[PDB]
**Q** 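Below: one structure in structure tokens.
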Amino acid sequence: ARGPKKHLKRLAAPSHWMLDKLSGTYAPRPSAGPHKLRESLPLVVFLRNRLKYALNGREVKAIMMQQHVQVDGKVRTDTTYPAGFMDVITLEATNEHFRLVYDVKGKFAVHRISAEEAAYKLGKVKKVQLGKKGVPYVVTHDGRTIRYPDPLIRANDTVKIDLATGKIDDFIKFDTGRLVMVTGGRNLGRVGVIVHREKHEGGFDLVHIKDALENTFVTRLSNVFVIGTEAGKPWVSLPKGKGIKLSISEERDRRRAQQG
Amino acid sequence: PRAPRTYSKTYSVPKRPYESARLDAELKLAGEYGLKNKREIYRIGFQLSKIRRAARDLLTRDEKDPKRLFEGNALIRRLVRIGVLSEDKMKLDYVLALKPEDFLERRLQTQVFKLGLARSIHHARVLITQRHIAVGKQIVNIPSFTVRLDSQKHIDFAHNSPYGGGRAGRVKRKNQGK
Amino acid sequence: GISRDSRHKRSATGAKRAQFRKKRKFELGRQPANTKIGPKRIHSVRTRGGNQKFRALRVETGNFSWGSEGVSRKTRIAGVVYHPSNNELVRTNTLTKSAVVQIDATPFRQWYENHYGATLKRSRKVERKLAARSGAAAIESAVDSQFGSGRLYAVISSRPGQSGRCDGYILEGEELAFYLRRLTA
RNA sequence: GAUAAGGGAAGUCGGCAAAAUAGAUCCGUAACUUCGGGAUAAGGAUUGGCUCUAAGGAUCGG
RNA sequence: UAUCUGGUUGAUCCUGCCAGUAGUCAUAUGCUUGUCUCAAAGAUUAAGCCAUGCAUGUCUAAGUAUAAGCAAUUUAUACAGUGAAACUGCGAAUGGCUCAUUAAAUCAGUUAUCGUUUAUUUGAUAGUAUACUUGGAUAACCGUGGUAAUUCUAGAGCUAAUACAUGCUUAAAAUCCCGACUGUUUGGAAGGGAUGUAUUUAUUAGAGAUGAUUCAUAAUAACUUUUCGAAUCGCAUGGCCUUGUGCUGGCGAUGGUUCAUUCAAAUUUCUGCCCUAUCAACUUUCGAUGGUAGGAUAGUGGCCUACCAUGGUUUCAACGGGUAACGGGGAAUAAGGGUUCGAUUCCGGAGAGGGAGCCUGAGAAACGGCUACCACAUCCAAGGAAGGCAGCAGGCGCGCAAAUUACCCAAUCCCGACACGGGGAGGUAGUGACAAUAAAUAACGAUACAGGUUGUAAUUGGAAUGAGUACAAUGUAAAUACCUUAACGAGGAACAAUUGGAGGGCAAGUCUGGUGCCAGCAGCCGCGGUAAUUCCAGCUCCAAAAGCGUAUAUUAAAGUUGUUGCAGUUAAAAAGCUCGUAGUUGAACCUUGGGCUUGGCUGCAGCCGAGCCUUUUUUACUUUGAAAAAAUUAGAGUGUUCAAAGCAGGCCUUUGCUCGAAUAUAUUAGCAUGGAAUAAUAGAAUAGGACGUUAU
RNA sequence: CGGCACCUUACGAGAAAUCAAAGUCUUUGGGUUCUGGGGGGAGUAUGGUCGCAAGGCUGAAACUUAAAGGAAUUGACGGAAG
RNA sequence: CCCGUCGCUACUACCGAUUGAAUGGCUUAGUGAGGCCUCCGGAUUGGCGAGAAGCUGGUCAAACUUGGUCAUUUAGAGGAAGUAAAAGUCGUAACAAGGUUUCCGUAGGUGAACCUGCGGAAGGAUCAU
Ligand SMILES: CC[C@H]1CN2CCc3cc(OC)c(OC)cc3[C@@H]2C[C@@H]1C[C@H]1NCCc2cc(O)c(OC)cc21
Ligand SMILES: [Mg+2]
Ligand SMILES: [Mg+2]
Ligand SMILES: [Mg+2]
Ligand SMILES: [Mg+2]
Ligand SMILES: [Mg+2]
Ligand SMILES: [Mg+2]
Ligand SMILES: [Mg+2]
Ligand SMILES: [Mg+2]
Ligand SMILES: [Mg+2]
Ligand SMILES: [Mg+2]
Ligand SMILES: [Mg+2]
Ligand SMILES: [Mg+2]
Ligand SMILES: [Mg+2]
Ligand SMILES: [Mg+2]
Ligand SMILES: [Mg+2]
Ligand SMILES: [Mg+2]
Ligand SMILES: [Mg+2]
Ligand SMILES: [Mg+2]
Ligand SMILES: [Mg+2]
Ligand SMILES: [Mg+2]
Ligand SMILES: [Mg+2]
Ligand SMILES: [Mg+2]
Ligand SMILES: [Mg+2]
Ligand SMILES: [Mg+2]
Ligand SMILES: [Mg+2]
Ligand SMILES: [Mg+2]
Ligand SMILES: [Mg+2]
Ligand SMILES: [Mg+2]
Ligand SMILES: [Mg+2]
Ligand SMILES: [Mg+2]
Ligand SMILES: [Mg+2]
Ligand SMILES: [Mg+2]
Ligand SMILES: [Mg+2]
Ligand SMILES: [Mg+2]
Ligand SMILES: [Mg+2]
Ligand SMILES: [Mg+2]
Ligand SMILES: [Mg+2]
Ligand SMILES: [Mg+2]
Ligand SMILES: [Mg+2]
Ligand SMILES: [Mg+2]
Ligand SMILES: [Mg+2]
Ligand SMILES: [Mg+2]
Ligand SMILES: [Mg+2]
Ligand SMILES: [Mg+2]
Ligand SMILES: [Mg+2]
Ligand SMILES: [Mg+2]
Ligand SMILES: [Mg+2]
Ligand SMILES: [Mg+2]
Ligand SMILES: [Mg+2]
Ligand SMILES: [Mg+2]
Ligand SMILES: [Mg+2]
Ligand SMILES: [Mg+2]
Ligand SMILES: [Mg+2]
Ligand SMILES: [Mg+2]
Ligand SMILES: [Mg+2]
Ligand SMILES: [Mg+2]
Ligand SMILES: [Mg+2]
Ligand SMILES: [Mg+2]
Ligand SMILES: [Mg+2]
Ligand SMILES: [Mg+2]
Ligand SMILES: [Mg+2]
Ligand SMILES: [Mg+2]
């Protein structure tokens, strides 16, 4: 109606932000950016609701206006900047590096990483095509455009971005046996290897994935993210739980043993 | 606006208002437990009716059903924890056999009277309401407080209460100060 | 104003539809350019997204292509001789797309004679280059005959009310024979 | 035999006399009905001149 | 709790309704009201009308400062700090409100854009064949004003830009076209043009991407009232000497073309809406269905135009009419199946008195924008001018029916040039028995009696406490309240519980007085004519209780709407009788049995799965899966002191460690998938039939 | 074999009278058409349609009402029989 | 026990001359504001260009008048009903073989119930000679 919306009602916010109902009428509307609104995590949510460094939105803005927060090695001062999957957030004042990777419960884990691993990131190739003057380029899942990619790189592949020069270190071809994290649907956050890709021309290709505990699930290729060349060899540190889904009874047993 | 806040009723009235058998059973049960009104009996019947409904729903499922095992064990565990269900009756078939007196046994007022801290059940209610009784190190003035098994041994007079080592109350201080 | 919405129409079953909402700006139309022939007059139109369209109200020349020869030249437009949509556009000389027009033949005749040497003082190398291009210099009779009148048949390919250009290609082959039959009748 | 400001039957037994309408094309047409009508009901639009365009045929030739 | 009870009769069994009964996130109203938490609230009738005030503004070192503003002399005589007014930029298209319109419309789920536009964010992307830096306007400002009146503005004099309008600076080649001359068997060439990117055609790659393209991209020939390839701003001030205002260069602001991305938008596939036939034919003049060409649009499309066909929908309910109809998530009630509701905390749509047309802009057919008409309506000096509360508060009116013209940006978020400003968005308090949670109005002894070692009935004591009041601290932007807490604060503990009833249904009097078929009661049956169990009262008792009653609607009861699941001989109801189209429904029959090996799970058997050997076309249905917003529902965990809730929280007390924020359900349609019973469908009958994998 | 019926019984049904269908219906599902939803107002008014007409077919509502009705029992009565 | 005219009171709906009346939507025709596009125009204002008022023709089209239609309310002399109230007048149609068995369809007649003809039914007063 006459133009873009600028507000986000609290109840209409993505559920994986884990916002409380009664704290207010509105929720942080993520800005336009590398990641989609529904699949992002604004820095205000990360710094106040997750890390609890800031006590309120005034404080998260005070933190970010002092140039502390970096996303993918670049300073961001937008409190609603849409950080997303595989993004690296650096707070060198506290000497902390985080990567936004889904945990098996469907949420963005607070996943601390070493400084050496915080120097790169992975990106799922969305499309490969030719730019002006016949220069090929790759579009990753976070909207990055890398020119002159390896001519072997195709869609659904994973590239390793140097994240300081923006170049491609090396890549992983999408194929059977590759380590995968699921980035959408009800299997979001699970980690396994590709068992069989079932093609459907004009429809949605389906990928069969086997967990490390030999559990098999099916998910859309659009929800499939290659993160490693084989089982047990991920190119990034996995969050606690290793993307292994436990039943609610198993979780209850594990909590009973963990707590006594 | 802000998201709505949930609320719900905790009782339900009988369909037939005047029935001597139910009226006599209710009055006998209220007299036994020193209850204020019939609504405190309706509340027990309501929550037992929905405990039974949940157990019946799980009992229609096959044994070894993941949902029956998970929610049945949780419901049994909760009832054993609050002392309503005995430790040798953890079968989800004795849950259906539960009765409102099992729940009224576990009220704070009943436990205060049965621990000897009060002369009668009506003394128990006024002791609770007048902030004399503490569970653990926390004062509880709600008579319907359902006492847990781990809380059973920690029911005693408040440390700052006249009956529990505190200073003398208003009346005594006014009498001995004149 | 002019609206392109489908709400005002009656359904495929014939039912009249009730009025759903007021006319929206994202479904507007505008008025035809009705491009004529005369000294160039072009008005810009501010379109959706801040983009620009050009109403050619009057044009004299255009870019016309000789497809077989692979050559394009800017030449005057003489008049409109045939229009498959409405004969009143022929009568009033209104330039739209797919209008059959007569274009000045001189730039193409000049290119042809300079390129091949025939009609419709040189060095030895130039004469040899022309001799090499010979044999391919024989064009269709129906096209050759027009050069006597100095005017070639062409069809407008651009949309003058959209781009301000009145461009086209020279009629050839059975398409030229087709419109020749249409013209003679 | 014509015309007439403003009003428009107040004239008169009574709209007597006069006025108004009027051809053609297209649109639209009520009650009632013996289903045949009523009906040109009622009520509307157009119409010149000029320059064009289109459609509608005959006899011969396989 | 899968429940019934009273009323037809002299009595009986039925049919059957009336009446009773319970709930309502269901409204109003009557009576009553002590505490804590939570909280709806001018929807219904009038999308009726509105006084007044507020609800949208906005500046960083980084666009423009000669304020004749303030401030200090300082690294500064171009400016330098702060900073009104103005120009410029951006926002004002979000939010908030309401539900009038709207019945294949909206909407829901599911699709598409190889059918488009897209400010902004985020990535990439431009060496292209006067320069030590171009012009002339204008505002603010000064001072002359005109009008009764407005956020009206007019002459005149200044002056700026990231405003406006123009304009150079550059690699190395190489390629193509014309081509004087020349070689002279077809080569060499001087000299001219053209190369980036945008636009528009025509002709060529495209034998890297897609399921698929005339896709991406490139090339050739041109075209263009020629797009833009920085005449901008802040901080640092470095390096090389050929010490000349020499040559070079660091972090940033802002901007810019195209592509991508993101926020969106616009169209769009399939299936699905309540009552009505006392609506059976509708659409097609003057677009109805389709074809061709064009115009227009951001783009597809009868969206519009011209020409041409005569199509398109319909008893499988079209079209018309009604709706006290915005749709959905949901709500009430619920054994199951259902019935009813959804103006209203979220999503989509629509509107801003009724229509219509536009400007600006990326985005509006915007109304706290404009223009005009209609209806209302304000000031007027009578010439004119200004309006739009279905935003917040408030008023009138309407009515059965709904609150303060309060405080604040502290939180949630949004907007802006932005760490700073603004926000009736939002939050806070006020009113508030809409609903919901918890929960006081007393407890315990001794005598005296009655009584069978203890339950009371009275007159005698000493304890206890919060309702209330208050220092104070906390809470809070500041308060209020809550939570804590000195001192005060209970015997008739007058610190006094009410609303309905006492014939039956239906729990509780055959007490006393009054009246006397009156007055009245009574949902229904009935009561009242002088001992009224029913009226009016006193006493007593009963039910629920800070709540209780009444009216209306709705749900259960209702197997009195019946698919589950009614009835039709006589209680209502088999068409007078046959035919008959749609619809519904339709006999049986086609791989069964046997054998061997093996995996798993239940306690030798049993139950599922397999794998071989035995001659070995279309659906419907059902399984599983993918994708399916939150809130609500169910449900796991968790001592909000309990609870309704909430999504918290827990650890020996932590310059930190640490479980969490589950899980189900949705269900028609679509998508993918396993199975082949059941029910359809097709095949080889004038053979135009099937196989020849390597038949000729 | 087909009909028109009848007699007995009640497995069964039914409120009963009664019923070989009015059975195989809470142990509720062979196929299908029509009709009813307390008594009146009322098969009335209105609209339509058919008919020459008489009328047929389709067909309400306001309002009103606690019964109307079915089968059977005992009695009372009968210008009914014995 | 009971039916129907007739009489009194009250209520509800109906018909009805009045080409009755009022309110709202849609629409033919006529008239037609305003914006937008277009066509010229050319106050004045820069060095040929910019350009205001206005003009031509279109386009979208509010709004008014008439007519038509749809929909919702409403007056009416008089006419003709229904129900409630009381059991007022006249009779006695039904319930018994109700004293002429009753009822159905149809058609006449009549203060009223009703009577009569024709053909049916038993729900008969006969399951039978
Ligand atoms: C010279 C002829 C005319 C002269 N004008 C002068 C103007 C005038 C004006 C009038 O009024 C404006 C008018 O009123 C009638 C009459 C006249 C006379 C009438 C006369 C002819 C007429 N004479 C009497 C009858 C008659 C019969 C006929 O057959 C016939 O045919 C030839 C003609 C006649
Ligand atoms: Mg909005
Ligand atoms: Mg696709
Ligand atoms: Mg006159
Ligand atoms: Mg006159
Ligand atoms: Mg007149
Ligand atoms: Mg007269
Ligand atoms: Mg007269
Ligand atoms: Mg006279
Ligand atoms: Mg007279
Ligand atoms: Mg006459
Ligand atoms: Mg006429
Ligand atoms: Mg009776
Ligand atoms: Mg309202
Ligand atoms: Mg409201
Ligand atoms: Mg309404
Ligand atoms: Mg209003
Ligand atoms: Mg309303
Ligand atoms: Mg309305
Ligand atoms: Mg913005
Ligand atoms: Mg087209
Ligand atoms: Mg077409
Ligand atoms: Mg319909
Ligand atoms: Mg409505
Ligand atoms: Mg509801
Ligand atoms: Mg709704
Ligand atoms: Mg609704
Ligand atoms: Mg709604
Ligand atoms: Mg709601
Ligand atoms: Mg909304
Ligand atoms: Mg709008
Ligand atoms: Mg408004
Ligand atoms: Mg308006
Ligand atoms: Mg607005
Ligand atoms: Mg508007
Ligand atoms: Mg307003
Ligand atoms: Mg208001
Ligand atoms: Mg309102
Ligand atoms: Mg009190
Ligand atoms: Mg009473
Ligand atoms: Mg009783
Ligand atoms: Mg008495
Ligand atoms: Mg008496
Ligand atoms: Mg009494
Ligand atoms: Mg009452
Ligand atoms: Mg019901
Ligand atoms: Mg029934
Ligand atoms: Mg009968
Ligand atoms: Mg009957
Ligand atoms: Mg029959
Ligand atoms: Mg038949
Ligand atoms: Mg069938
Ligand atoms: Mg069969
Ligand atoms: Mg028999
Ligand atoms: Mg028989
Ligand atoms: Mg009835
Ligand atoms: Mg109507
Ligand atoms: Mg008689
Ligand atoms: Mg008789
Ligand atoms: Mg007689
Ligand atoms: Mg007689
Ligand atoms: Mg006679
Ligand atoms: Mg006779």
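Hydrogens, waters and symmetry mates are skipped; everything else that's a heavy atom, side chains included, is used. Chain letters run A, B, ... following the sequence lines, proteins first, then strands; residues in each count from 1.
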**Q** Can you tell me if A/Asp162 and A/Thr165 form a side-chain donor-acceptor pair at under 3.5 Å?
**A**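 There is such a pair (donor and acceptor under 3.5 Å, judged by atom type) between the side chains of A/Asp162 and A/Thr165.
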**Q** Verify the distance criterion only: is there a donor paired with an acceptor across the side chains of A/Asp103 and A/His111 at less than 3.5 Å?
**A**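 A/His111 and A/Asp103 do not have a side-chain donor-acceptor pair below 3.5 Å.
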**Q** Does atom CZ of C/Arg182 have more than 12 heavy-atom neighbours, drawn from other residues, nucleotides or ligands, at distances under 6.0 Å?
**A**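 Check fails, neighbour count at 12 or below.
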**Q** Between C/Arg7 (side chain only) and C/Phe20 (backbone N and O only), is there a donor and an acceptor less than 3.5 Å apart?
**A**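 The answer is no, because no donor-acceptor pair under 3.5 Å joins these two groups.
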**Q** Measuring from atom CD of C/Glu27 to atom OG of C/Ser6, what distance do you get when rounded to the nearest 0.5 angstrom?
**A**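 Nearest 0.5 Å value for the CD-OG distance: 10.0 Å.
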**Q** Distance-only, no hydrogens or angles: does the A/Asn49 side chain make a donor-acceptor pair with backbone N or O of A/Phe46 under 3.5 Å?
**A**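 No, A/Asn49 side chain to A/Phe46 backbone: no donor-acceptor pair under 3.5 Å.
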**Q** Hey, is the main chain of C/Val80 close enough, under 3.5 Å, to the side chain of C/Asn93 for a donor-acceptor pair?
**A**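 Confirmed, C/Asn93 side chain pairs with C/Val80 backbone.
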**Q** Is the backbone N or O of C/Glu88 less than 3.5 Å from a side-chain atom of C/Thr92, with the two atoms forming a donor-acceptor pair by type?
**A**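 Checking the backbone N and O of C/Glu88 against the side chain of C/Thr92, a donor-acceptor pair under 3.5 Å is found.
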**Q** Consider only side-chain N and O atoms of A/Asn187 and A/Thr219, and report whether a donor and an acceptor are under 3.5 Å apart.
**A**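 There is no such pair (donor and acceptor under 3.5 Å, judged by atom type) between the side chains of A/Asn187 and A/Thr219.
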**Q** So with a 6.0 Å cut-off around CG of C/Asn87, is the heavy-atom count from everything else above 12?
**A**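 Not buried by this count: 12 neighbours or fewer within 6.0 Å.
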**Q** Quick one: are C/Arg165 and C/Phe54 in side-chain contact, heavy atoms under 4.5 Å?
**A**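 Contact flag for C/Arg165/C/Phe54 side chains = no.
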**Q** Give the C-alpha distance, both sets of side-chain angles, the deciding distance and a yes or no for side-chain contact (heavy atoms from CB on, under 4.5 Å) between C/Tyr169 and C/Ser157.
**A** CA-CA 7 Å; C/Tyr169 57 94; C/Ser157 296; 3.0 Å; yes
**Q** Please name the residue in the list A/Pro34, A/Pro42, A/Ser31 that meets the side chain to side chain contact (heavy atoms under 4.5 Å, CB included) test with A/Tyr81.
**A**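 Running side chain to side chain contact (heavy atoms under 4.5 Å, CB included) over A/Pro34, A/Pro42, A/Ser31 with A/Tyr81 returns exactly one hit, A/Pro34.
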**Q** Between C/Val81 and C/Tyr153, is there a side-chain heavy-atom distance shorter than 4.5 Å?
**A**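 Side-chain contact under 4.5 Å: yes.
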**Q** Please answer whether the main-chain N or O of A/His35 pairs with a side-chain N or O of A/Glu39 as donor and acceptor at a distance below 3.5 Å.
**A**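 No, because the side chain of A/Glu39 does not come within donor-acceptor range (under 3.5 Å) of the backbone of A/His35.
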**Q** Check this for me: C/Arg21, atom CZ, are more than 12 non-hydrogen atoms of other residues, nucleotides or ligands nearer than 6.0 Å?
**A**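 Enclosed: over 12 neighbouring heavy atoms sit under 6.0 Å from CZ of C/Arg21.
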**Q** Looking at OG of C/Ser149 and CD of C/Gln102, how far apart are the two atoms once the value is rounded to the nearest 0.5 Å?
**A**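 Here the interatomic distance stands at 6.0 Å.
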**Q** Would a line drawn from the ring center of A/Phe108 to the ring center of A/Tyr102 be shorter than 6.0 Å?
**A**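 Centroid distance A/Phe108-A/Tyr102: below 6.0 Å, so yes.
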**Q** Could you tell me if A/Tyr137 and A/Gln129 have a donor-acceptor pair between their side chains, going purely by distance under 3.5 Å?
**A**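 Note: A/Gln129 and A/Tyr137 side chains meet the donor-acceptor criterion.
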**Q** For the residue pair C/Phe108 and C/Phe147, is the inter-centroid distance of their aromatic rings smaller than 6.0 Å?
**A**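 No, they do not, as the ring centres are separated by 6.0 Å or more.
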**Q** Taking the side chain as C-beta and beyond, is there a heavy-atom pair between C/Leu57 and C/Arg41 under 4.5 Å?
**A**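 A side-chain contact exists here, since the closest heavy-atom pair is under 4.5 Å.
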**Q** When you compare the side chain of C/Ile156 with that of C/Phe64, does any pair of heavy atoms fall below 4.5 Å?
**A**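 SC-SC contact between C/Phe64 and C/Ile156 confirmed.
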**Q** Keeping C/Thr75 on the side-chain end and C/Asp104 on the backbone end, is there a donor-acceptor pair under 3.5 Å?
**A**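 Checked: pair present.
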**Q** Could you check whether C/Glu172 and C/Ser68, counting side-chain N and O atoms only, form a donor-acceptor pair closer than 3.5 Å?
**A**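 Yes, a side-chain donor-acceptor pair sits under 3.5 Å.
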**Q** Report yes if the side chains of A/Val45 and A/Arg50 come closer than 4.5 Å at any heavy-atom pair, otherwise no.
**A**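 Yes, their side chains come closer than 4.5 Å.
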**Q** Determine whether the side chains of C/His83 and C/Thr96 contain a donor N or O and an acceptor N or O closer than 3.5 Å.
**A**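 C/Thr96 and C/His83 do have a side-chain donor-acceptor pair below 3.5 Å.
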**Q** Quick check: do A/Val236 and A/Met86 have side-chain heavy atoms less than 4.5 Å from each other?
**A**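 Yes - at least one pair of side-chain heavy atoms lies under 4.5 Å apart.
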**Q** I need the minimum non-hydrogen distance between A/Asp78 and A/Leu43, along with the two atoms involved.
**A**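 Distance-wise, the nearest heavy atoms are O-CD1, 4.0 Å.
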**Q** Could you check A/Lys124, A/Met181, A/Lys121 and say which one makes a side chain to side chain contact (heavy atoms under 4.5 Å, CB included) with A/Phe85?
**A**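 For A/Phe85, the side chain to side chain contact (heavy atoms under 4.5 Å, CB included) check succeeds only for A/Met181.
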**Q** Please report the shortest heavy-atom distance between A/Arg29 and A/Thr80, naming the atom on each side.
**A**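 Reported closest heavy-atom pair: O-CB, 3.4 Å.
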**Q** Just verifying a value: how many Å separate C/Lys129 NZ and C/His115 NE2, rounded to the nearest 0.5 Å?
**A**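 C/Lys129 atom NZ to C/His115 atom NE2 measures 8.0 Å (nearest 0.5 Å).
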**Q** On the ring face of A/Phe204, is A/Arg220 found with NZ or CZ under 6.0 Å from the centre and within 45° of the axis?
**A**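 Judged by the rule, A/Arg220 and A/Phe204 form a cation-pi pair.
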**Q** Would you say that more than 12 heavy atoms from the other residues, nucleotides or ligands in this model lie under 6.0 Å from the NZ of A/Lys167, or not?
**A**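 No, not enclosed.
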**Q** Report yes or no: does C/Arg122 contribute a side-chain atom to a donor-acceptor pair with the main-chain N or O of C/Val126 at less than 3.5 Å?
**A**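 Checking the backbone N and O of C/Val126 against the side chain of C/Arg122, no donor-acceptor pair under 3.5 Å is found.
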**Q** CG/C/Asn34 to CG/C/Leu89 distance, rounded to the nearest 0.5 angstrom?
**A**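 Between C/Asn34 CG and C/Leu89 CG, I get 7.5 Å after rounding to 0.5 Å.
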**Q** Can you tell me how far the CG atom of C/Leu120 sits from the CD atom of C/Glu113, to the nearest 0.5 Å?
**A**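 C/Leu120 CG to C/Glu113 CD: 6.5 Å, rounded to 0.5 Å.
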**Q** For the atom pair OG1 (C/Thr47) and NZ (C/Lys53), what is the distance rounded to the nearest 0.5 Å?
**A**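 Output value for this atom pair is 6.0 Å.
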**Q** I'd like to check A/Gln70 versus A/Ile89 (side-chain heavy atoms, cut-off strictly below 4.5 Å). Are they in contact?
**A**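 Not in contact.
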**Q** Ring centroid separation for A/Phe225 and A/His141, is it under 6.0 angstrom?
**A**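 Yes, close enough.
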**Q** Would A/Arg99 pass as a cation-pi partner of A/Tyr120, given that its NZ or CZ must be under 6.0 Å from the six-membered ring centre and within 45 degrees of the axis?
**A**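 Geometry flag: set, cation within 6.0 Å and 45°.
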**Q** Please find the pair of heavy atoms, one from C/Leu95 and one from C/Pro160, that lie closest to each other, and give the distance.
**A**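 Here C/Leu95 and C/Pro160 meet closest at O-CG, 3.5 Å.
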**Q** Could you report the tightest heavy-atom contact between A/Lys21 and A/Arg10, atom names first, then the distance?
**A**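 Minimum heavy-atom separation between A/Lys21 and A/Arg10: O-CG, 4.1 Å.
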**Q** Over all heavy atoms of both residues, which pair between C/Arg30 and C/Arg46 is shortest? Give the atoms and the distance, please.
**A**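 Closest heavy-atom pair between C/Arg30 and C/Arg46: NH2-O, 3.5 Å.
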**Q** Looking at A/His200, is its backbone amide N or carbonyl O close enough to the side chain of A/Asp205 to form a donor-acceptor pair, meaning the two atoms are under 3.5 Å apart?
**A**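 Checking the backbone N and O of A/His200 against the side chain of A/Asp205, a donor-acceptor pair under 3.5 Å is found.
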**Q** Around atom CD of C/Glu174, are there more than 12 heavy atoms of other residues, nucleotides or ligands at under 6.0 Å?
**A**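 No.
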**Q** Contact between A/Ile146 and A/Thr140 at the side-chain level, heavy atoms closer than 4.5 Å - yes or no?
**A**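 Yes, side chains in contact.
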**Q** So, C/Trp111 and C/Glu69: side-chain donor and acceptor under 3.5 Å apart, yes or no?
**A**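 Absent: no donor and acceptor within the cut-off.
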**Q** Measure from the side-chain N and O atoms of A/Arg190 to the backbone N and O of A/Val182, and report whether any donor-acceptor pair falls under 3.5 Å.
**A**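 No, because the side chain of A/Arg190 does not come within donor-acceptor range (under 3.5 Å) of the backbone of A/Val182.
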**Q** Could you pull out the closest heavy-atom pair between A/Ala118 and A/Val88, with the gap in Å?
**A**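 That would be O-CG1, 3.7 Å.
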**Q** Looking at C/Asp167, is its backbone amide N or carbonyl O close enough to the side chain of C/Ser158 to form a donor-acceptor pair, meaning the two atoms are under 3.5 Å apart?
**A**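 Present.
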**Q** Going by atom types only, do A/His196 and A/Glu198 share a side-chain donor-acceptor pair under 3.5 Å?
**A**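 No, no side-chain donor-acceptor contact under 3.5 Å.
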